[PDB]
Structure formats: structure tokens, C-alpha cells
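# Coordinate analysis (summary)
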Number of protein chains: 2
Amino acid sequence: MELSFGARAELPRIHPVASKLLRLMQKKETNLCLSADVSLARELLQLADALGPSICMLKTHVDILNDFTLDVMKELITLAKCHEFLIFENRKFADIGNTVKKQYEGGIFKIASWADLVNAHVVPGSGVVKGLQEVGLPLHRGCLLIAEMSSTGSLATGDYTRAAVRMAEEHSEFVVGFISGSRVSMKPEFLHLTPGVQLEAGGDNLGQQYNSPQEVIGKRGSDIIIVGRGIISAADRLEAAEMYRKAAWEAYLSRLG
Amino acid sequence: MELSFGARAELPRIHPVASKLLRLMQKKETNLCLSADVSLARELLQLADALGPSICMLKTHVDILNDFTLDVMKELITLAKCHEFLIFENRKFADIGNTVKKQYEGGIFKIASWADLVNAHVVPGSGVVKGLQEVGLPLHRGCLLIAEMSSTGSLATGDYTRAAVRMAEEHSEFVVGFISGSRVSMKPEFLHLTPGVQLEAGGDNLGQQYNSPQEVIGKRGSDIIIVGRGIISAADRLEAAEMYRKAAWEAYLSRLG
Ligand SMILES: O=c1[nH]c(=O)n([C@@H]2O[C@H](COP(=O)(O)O)[C@@H](O)[C@H]2O)cc1F
Ligand SMILES: O=c1[nH]c(=O)n([C@@H]2O[C@H](COP(=O)(O)O)[C@@H](O)[C@H]2O)cc1F
């Protein structure tokens with residue numbers, strides 16, 4: 001029934017970016033995405049270098065980097081290639097198609113030039129995907145749709161979630177998976193990435209809620225954990241990353257049997 | 001029953017930014033927001049200067065400006081002050097509170113430093129507002145919640161829209177209104193701004209749908225029209241702006257009786 005990440009990498013309908021990701025997940029025994037929520041390029045890069053071997057993906061918010069330049073992203077790419085991880089800009093495109101295509105390709109950030117993956121909210125309807133696709137398909141990029149959110153009061157539930165899944169499944173040449181709290185698609189070609197993860201119970205003061213890797217990967221069937229503060233705020237970010245990696249990887253293995 | 005924009009500017013619960021906006025709308029006889037969807041700062045600024053007298057607001061997407069700098073925004077502010085319009089960055093914050101506060105204050109764009117208004121999607125739950133508020137309240141800024149979208153397939157309908165209205169009404173110290181296609185709140189202290197506006201019927205190839213100023217202001221009860229391409233793509237952008245201004249203003253007057 002369920003397939004390993006390595007086997008999923010080979011599925012007929014797999015997207016190339018998903019395949020690359022799944023292959024390196026399997027090779028490196030990591031289903032951890034670091035949420036590199038820092039404001040300094042040097043810290044970003046130092047985290048990417050040190051934690052690169054432990055992660056399958058590094059998620060950015062370029063718009064919080066005080067000293068963003070495209071050269072920082074070049075350096076990040078070098079690290080991504082060296083250590084084998086994808087770069088995911090958590091931009092949450094969420095506009096009409098005509099707007100998002102420009103936000104993806106252009107401006108100061110030139111996101112499409114460096115991000116293997118981006119994501120989108122599905123609230124605008126499928127034009128958000130169509131617009132992004134116009135830039136991302138030629139650049140061989142992938143997209144994640146936000147089907148569920150980790151925060152208190154999230155409206156990404158029920159029929160909204162179902163709409164996200166449909167929209168993904170209908171745009172499989174570009175959409176490679178989801179941000180979700182659980183498996184939402186039954187199709188194994190899609191990736192599930194789950195934020196709101198910490199080893200300890202809790203949440204923040206602004207609506208973030210946490211669940212553990214075992215819950216999210218093991219019980220809820222997701223693929224990848226996205227971890228920010230649980231790693232970033234720790235003293236030893238490498239050890240923290242390793243804890244999260246080992247947690248998510250074992251949860252995956254055990255669910256696989 | 002219904003009040004003029006000038007009277008709404010005085011309502012007990014009005015937010016200061018809303019009041020400033022409503023006052024200049026009344027003074028200038030404009031309920032037009034220009035969507036300055038351009039990639040060149042010089043064009044942005046030349047539009048802001050020429051069209052400033054015709055608009056109540058200039059909506060930006062800073063992330064499509066190829067040559068963004070903070071000095072461009074300084075120059076835009078000078079124009080906004082000269083001509084009396086607000087600056088609205090259509091950022092659509094749509095993340096957990098902890099993230100959006102950083103995206104609003106920081107990074108290269110420093111949005112909170114120059115934008116009178118921003119907007120947010122309500123999908124994350126009210127933490128998106130709470131996070132933004134932590135930056136925006138001290139800076140005396142306002143926020144718009146996206147209650148409805150103009151695009152085909154929008155999921156901002158029904159209970160989602162109602163949730164947006166509730167979230168606004170419960171965060172009235174910062175939330176000053178909505179992006180919506182119609183009046184969604186019955187409380188006159190809230191602004192309704194409607195995109196997807198053109199004089200002619202139609203829509204774009206990526207899900208945008210258009211309705212006229214008379215429909216949106218006159219029949220659907222919104223306050224302000226947001227117009228991009230209907231102005232920007234016209235040869236004479238000043239005349240186009242004037243057409244849209246006159247259309248939206250008369251629709252408002254006639255609905256007022
Ligand atoms: O539903 C979501 N929840 C999230 O937390 N995120 C992001 O994951 C990260 C979570 O970080 P934390 O520090 O582990 O809470 C942070 O960048 C968020 O913007 C994205 C989402 F789409
Ligand atoms: O629902 C929405 N529809 C929109 O069109 N917009 C923005 O208004 C603008 C509409 O531009 P147009 O050229 O008039 O279609 C454009 O910047 C969009 O990103 C925002 C929304 F929230």
C-alpha cells in the first residue's frame with residue numbers, strides 16, 4: 001500500500017521537483033524542513049550550511065531578511081546543492097493570477113529564480129495556481145497549496161481543504177503537494193508538509209499551535225515536518241535539527257512498517 | 001440611515017486612518033483607489049503625482065517594483081501628503097501572527113514604515129490580525145481584511161466572509177475595513193474597498209472578473225473602487241482615472257440620495 005519516499009520518487013505522475021525531494025529524503029534519512037526564520041543573511045547561511053545535512057528542505061521568508069540580496073540566495077543555492085536540500089519560499093501567494101505571476105518572477109526578490117518550491121493559498125481560486133504556473137512551469141519549479149494551517153482559528157478546514165486538494169490534483173504539472181496538518185490527498189505523488197511542530201506541547205502567543213513529529217508524521221500521515229523556533233531558538237541548532245530529524249524519520253518508518 | 005463619507009469620518013468608533021481617508025474622500029470627491037501595478041518606480045511616482053488629485057488611495061504591490069527602495073517610498077509619501085491620498089500596500093498577509101509581524105515591520109520593504117493601510121487574509125485565524133496589530137497599532141496604521149475576492153473560484157464566500165467580518169468587528173482598533181465585492185459589514189465605521197472593477201464587462205485570462213463602478217458602489221454598496229488595468233493600461237491614465245472617479249463618486253451619491 002504505502003510506499004517509501006524512494007518509491008514515491010518514481011511514481012508515474014510524480015513531479016520532477018517532488019521526485020528530487022523524495023530521493024534526497026530517502027538518501028539522507030530526513031523529512032525535516034528547517035524554517036529558517038531569521039533576519040540576518042549570515043545566520044541564514046550559517047544555519048543552512050550546518051543543518052544542511054540534516055534537512056530535506058530549507059524554508060525561507062525572504063521578506064524578513066533585513067539584508068536580502070540575490071547574492072545571498074546564490075550562496076544559499078550553493079549550500080542547497082552541496083548538502084542536497086530544496087529551497088522553499090513560504091510566500092503564500094494569495095492574489096489573482098495576474099498579480100501573483102509578477103510577484104513570483106519579479107520585483108527585488110526574483111523568487112522564481114532561486115526557490116525550488118513556493119506555496120499559495122487557495123482562497124483566490126485556481127487562477128492563483130494558473131498565474132504562478134506561467135512562471136514556474138518554464139522554470140521547472142513546484143508549488144505547494146495551503147490546505148490546512150496550524151494556527152488557532154484557521155479557516156482552512158472542511159470544504160476549503162477539499163478545494164485545495166482538488167485544485168492540487170487538477171494542477172499536478174506544477175502543484176506537488178500541500179501545507180497541511182495531516183495527509184489530505186490520497187494520491188501518493190503529493191507531498192504533505194506540516195508546520196506547527198515542536199517536540200513539547202504548546203503554542204505561541206499569536207495563535208501558533210504545536211504538535212509533535214510523531215503525531216504529525218506518525219498519526220496524521222504527513223510527510224515532512226516544518227520546524228522553526230523549535231530549532232532556531234535552541235542553543236545548539238544542529239542538535240535540535242537532529243532531534244527533529246530523527247523524530248520525523250522514525251515516525252515515518254514506523255508508519256511504513 | 002446611510003451617512004456621507006464626511007459624516008462617517010466622525011463616527012464615534014471610527015479609526016483614525018479611516019477618518020482621515022473618509023475626510024479626504026469627501027473633500028476631493030473621490031472614492032477611487034488606484035492600483036498602481038507597475039514595475040518601475042518612475043512610473044509609480046509619475047502616476048501618483050498625476051493621478052493623486054483624483055484618488056483617495058494608491059494601492060501598491062511593492063514586491064513587483066523592480067527598483068524598490070525605501071527612498072522611492074519616501075517620494076511616494078511626499079506625493080500622498082501633497083495630493084492627499086493614503087498608501088495601501090496590498091500585501092495580503094496570510095501567515096501566523098508571529099510571522100506576519102516580522103513581514104510587516106521588517107525585511108527590505110519595511111512596509112509598516114510607509115503604508116497607511118495593509119491587508120490580510122483571514123484564513124489563518126485572528127492571530128494574523130493580532131500579529132499585525134503589534135506593529136501597526138503603535139505606528140497608528142490600519143488594516144483591511146479580505147472578506148471576498150474578485151476572482152473566479154474564490155473561496156472567500158459564505159461562512160468565510162462572515163468570519164472575516166467578525167474578525168474585523170472584533171479588532172476595530174486596527175481593522176478599518178475590508179476588501180470585498182459588496183458591503184459585508186453593517187457597521188458604517190468600516191470601509192469597503194472593491195477590486196475587480198472596470199467600466200466594460202469582462203475579465204482577464206487568469207481569473208479576474210470585472211464589475212462596473214455603478215454595480216459595485218451603487219448596487220452592491222461598497223465604498224471605494226480599486227482599479228488597476230482599467231486605468232494603467234489606458235493611454236491617458238489621468239483621464240481614465242477621472243472617468244473611474246466620476247463613476248464611483250456618482251454611484252455613491254446616488255445611493256446616498
Ligand atoms: O499553517 C502554517 N503554519 C506555519 O507556522 N507556517 C510557517 O511555518 C513556520 C512555523 O514556525 P515555528 O517557529 O516552528 O512556529 C513559520 O515560518 C510560519 O510562517 C506556515 C503555514 F502555512
Ligand atoms: O480580490 C482581490 N482582487 C484583486 O484584483 N486584488 C488586486 O486588485 C488589483 C486589481 O487590478 P486590475 O488590474 O484592476 O484587475 C490587483 O493589484 C489585484 O492584485 C486584490 C484582491 F484582494
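Residues numbered from 1 in each chain as written, not as in the entry; some residues may be left out. Chains lettered and ligands numbered in written order. Heavy atoms only, no water.

Listed as the method for this PDB entry is X-ray crystallography; the listed resolution is 1.22 Å.

## Looking at the interface of chain A and chain B
Taken together, the contact pairs 47 residues of chain A with 47 residues of chain B. Taking both sides of the interface into account, the surface hidden between chain A and chain B amounts to around 3700 Å²; carbon and sulfur atoms contribute 59%. A per-residue breakdown of the area chain A buries against chain B is headed by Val-123, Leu-155 and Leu-206 of chain A, which together make up 19% of the total. Taken together, the connections running from chain A to chain B amount to four salt bridges. The partner of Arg-91 of chain A in a salt bridge is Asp-63 of chain B, and the shortest N-O contact between them spans 2.9 Å. The tally of links from chain A across to chain B stands at 18 residue pairs in polar contact. Listing elements by their share of the side of chain A that touches chain B, those giving two or more residues are β3 (86-93), α5 (97-105), α7 (127-136) and α8 (158-169) of chain A. In terms of residues, the side of chain A that touches chain B owes the most to one element, α5 of chain A, which gives six residues. (Contact = heavy atoms within 4.5 Å. Buried area = accessible area lost by both parts, 1.4 Å probe. Salt bridge = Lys/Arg side-chain N within 4 Å of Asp/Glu carboxyl O. Polar contact = N/O pair within 3.5 Å; in protein donor to acceptor, adjacent residues only side chain to side chain. Helix = DSSP H or I, 4+ residues; strand = E, 2+ residues; numbered from the N terminus.)

## With respect to helix α7 (residues 127-136) of chain B
Counting buried positions along α7 of chain B gives eight out of 10 residues, so the element sits mostly inside the fold. By the burial criterion, the buried members of α7 of chain B are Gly-127, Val-128, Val-129, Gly-131, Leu-132, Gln-133, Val-135 and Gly-136 of chain B. (Buried < 20%, exposed > 50% of the residue type's maximum accessible area, 1.4 Å probe, protein only.)

## So, the site of ligand 1
Neighbouring residues of ligand 1: 19 residues in total, closest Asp-37, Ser-150, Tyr-210 and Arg-229 of chain A together with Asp-95 of chain B. Burial of ligand 1 by the protein amounts to 99% of the accessible area it has alone, namely 480 Å². Elements with a contribution of two residues or more to the shell around ligand 1: β3 and β10 (224-227) of chain A. Grouping the amino acids of the shell around ligand 1 by side-chain chemistry returns seven nonpolar, seven polar and five charged. (Near = heavy atom within 4 Å. Areas by Shrake-Rupley, 256 points an atom, 1.4 Å probe, with all protein chains shown as cover. Nonpolar A, V, L, I, M, F, W, Y, C, P; charged D, E, K, R; others polar.)

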